[PDB]
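Positions of Cβ are backbone-derived with ideal geometry, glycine not excepted, and every protein chain shown enters the neighbour counts. Only the coordinates and a few stated rules stand behind these numbers; no lab work does.
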Amino acid sequence: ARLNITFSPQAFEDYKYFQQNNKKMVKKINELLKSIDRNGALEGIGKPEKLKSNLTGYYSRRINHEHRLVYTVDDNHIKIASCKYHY
Amino acid sequence: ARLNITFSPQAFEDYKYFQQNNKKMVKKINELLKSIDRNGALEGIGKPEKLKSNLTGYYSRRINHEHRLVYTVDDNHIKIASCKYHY
Amino acid sequence: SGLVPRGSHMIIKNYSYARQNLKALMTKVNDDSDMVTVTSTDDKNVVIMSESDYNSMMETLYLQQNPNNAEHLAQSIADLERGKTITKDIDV
Amino acid sequence: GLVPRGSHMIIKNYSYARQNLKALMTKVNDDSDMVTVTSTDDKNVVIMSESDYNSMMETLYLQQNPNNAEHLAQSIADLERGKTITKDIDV
């Protein structure tokens with residue numbers, strides 16, 4: 001199922017990293033993106049939540065206990081700000 | 001009058017800045033410090049609050065709507081982490 | 001003058017009112033993104049917010065508390081707003 | 001769910017909370033715990049002490065600007081390491 005996704009530069013680098021080095025995580029991310037597409041930004045797996053403060057307008061879903069998918073939806077198009085916690 | 005205070009490097013630079021350029025602010029900070037000395041870390045003017053997350057162990061008091069006195073108390077000695085909001 | 005998230009309004013009620021009207025207050029904080037400070041004679045007060053707003057606050061805190069992650073998010077959201085982006089078909 | 005360090009989340013349903021509201025207000029103030037009150041229709045709420053609410057919003061305010069957050073982190077690291085300035089000041 002082709003899904004057109006817009007990445008931030010840093011989110012893409014992390015997605016590419018997961019693609020090569022952590023398959024269970026790219027699988028989970030892809031599942032969250034599918035759920036966002038079918039169900040909308042606030043429904044489905046990953047415990048969707050609205051973000052506040054300067055993250056207003058974005059949402060987070062749990063990739064795992066540590067990593068979050070931070071995204072928004074614009075004209076039915078998914079945009080990813082982050083898919084990995086940066087330290 | 002005399003009150004021995006431990007500053008962080010950056011908190012001190014900001015305190016010295018206020019000294020030359022904003023005596024309204026140094027007066028407020030000094031009053032907050034006197035209140036901490038007399039009343040303890042959680043009592044007195046400035047709406048004292050305990051901080052959480054990585055600021056655990058420190059407190060905030062309001063210098064004005066914008067700036068916070070971020071501090072802690074160790075064996076009855078006041079330590080200042082910040083007295084000006086950094087952008 | 002307490003702090004309140006954008007788009008939220010703090011309401012103040014006393015304990016007797018709140019206990020009589022608890023269900024209505026639970027509806028109010030959920031429907032309108034408002035919060036209720038319930039007062040007590042002995043100032044041992046509480047704040048009532050929707051579970052969703054609670055989770056939002058803790059999720060926001062979690063993401064922002066590491067300055068490096070906060071900067072990664074701020075930069076990335078700025079990139080997306082300016083079209084400095086990468087668009088890719090991914091098979092899902 | 002996420003919980004501030006040193007806090008514990010308690011789950012109660014609505015009938016219970018409205019009967020025991022004063023006891024729960026004491027509990028969250030005394031022990032820095034928090035209570036999720038559940039609703040038959042999932043329109044739930046979280047009850048916390050006013051102090052813990054103010055603490056969370058104050059923490060948010062201070063941390064929300066990455067530059068202020070780094071200024072606080074570095075300064076608290078400086079203070080813990082003795083990397084400090086000690087001055088007598090008059091009030």
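Can you list the GluC sites (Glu not before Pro) in chain B that are in a DSSP coil and have 12 or fewer other beta carbons within 10 angstrom? Intermediate results must be reported in sequence, preceding the final value.
On the way: sites: B:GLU13, B:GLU31, B:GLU43, B:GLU49, B:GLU66; in loops: B:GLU43, B:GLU66.
Of the GluC sites (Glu not before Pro), the ones in loops of chain B whose Cβ has at most 12 other Cβ atoms within 10 Å are B:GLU43, B:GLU66.
Quick check: Cα centre of the stretch C:19-75 to Cα centre of the stretch D:1-37, how many Å?
14
With 24 Å as the cut-off, how large is the P(r) tail for chain C, expressed as percent of Cα-Cα pairs?
Values: 1881 of 4186 pairs.
The calculated P(r) of chain C puts 45 percent of pairs beyond 24 Å.
Please compute the alpha carbon radius of gyration of the stretch D:1-48, then divide it by the globular-protein estimate 2.2 N^0.38 Å. Two decimals is fine. Let's see the in-between values first.
Values: Rg = 10.5 Å, N = 48, 2.2 N^0.38 = 9.6 Å.
Cα Rg divided by the expected 2.2 N^0.38 Å: 1.10.
Can you give the helix-only mean residue ellipticity at 222 nm for chain C, where every DSSP H stretch with n ≥ 4 adds -39500 (n - 2.57) and the sum goes over all residues, rounded to the nearest 500 deg cm²/dmol? Don't jump to the answer; show the numbers that get you there.
Values: 4 runs with 47 residues, N = 92.
Value at 222 nm, helices only: -16000 deg cm²/dmol.
Longest segment of chain D with no trypsin sites (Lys or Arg not before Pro) in a DSSP loop having at most 13 other Cβ atoms within 10 Å? Numbers along the way, then the final one.
Numbers: sites that count: D:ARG5, D:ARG81, D:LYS83.
It runs D:6-80.
With +1 on each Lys and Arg Cβ and -1 on each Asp and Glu Cβ, and nothing else charged, work out how big the dipole of chain D is about its Cα centre, in Debye to the nearest 20.
On the way: 9 positive and 13 negative charges, 65 e Å.
That gives a dipole near 300 debye.
Along the charge dipole of chain B, pointing to its positive end and built from +1/-1 on Cβ of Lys, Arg, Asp and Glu, which listed residue (B:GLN10, B:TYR87, B:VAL73) has its Cα farthest out?
Highest projection toward the positive end goes to B:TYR87.
If one takes the longest principal axis of the Cα atoms in chain C, at what angle in degrees, from 0 to 90 and to the nearest 10, does the Cα axis of helix C:67-82 lie?
70
Give the nm distances, rounded to one decimal, from B:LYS16 to the matching residue in every other copy, measuring between label points 7 Å along Cα toward the beta carbon; shortest first.
4.6
Which values of log₁₀ I(q)/I(0), to two decimal places, follow from the Debye formula for the protein assembly as shown at q = 0.08, 0.12, 0.13, 0.15 Å⁻¹ with a uniform point scatterer at every Cα?
-0.47, -0.97, -1.07, -1.24
In what order do D:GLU50, C:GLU59 fall by count of nearby beta-carbon atoms within 10 Å, going from fewest to most?
Details: D:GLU50 20, C:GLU59 25.
By the 10 Å Cβ count, ascending: D:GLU50, C:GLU59.
If you average 1/r across every pair of different Cα atoms in chain A and take the reciprocal, what Kirkwood value do you get, in Å? Could the numbers behind the result be given before it?
Working: mean 1/r = 0.0776 Å⁻¹.
Here the Kirkwood hydrodynamic radius works out to 12.9 Å.
When the chain is fully extended, how far beyond the present Cα-Cα distance does B:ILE45 get from B:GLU31, taking 0.36 nm per residue of separation? Don't skip to the end; give the middle numbers.
Values: separation 14, 0.36 × 14 = 5.04 nm, distance 0.84 nm.
Extending this stretch completely gives an extra 4.2 nm.
Tell me which residues come under 5 Å, amide H to amide H, from D:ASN13 once H is placed; ignore anything under 5 positions away on its chain.
The answer is D:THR38.
What is the minimum Cβ-to-axis distance for chain A, in whole Å, where the axis maps A onto B, and to which residue does it belong?
For chain A, the closest residue to the axis carrying it onto B is A:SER53, 7.
Would you compute, from DSSP H runs of 4+ residues alone, the mean residue ellipticity of chain B at 222 nm, taking -39500 (n - 2.57) per run and dividing by the full residue count, rounded to the nearest 500?
-11500 deg cm²/dmol
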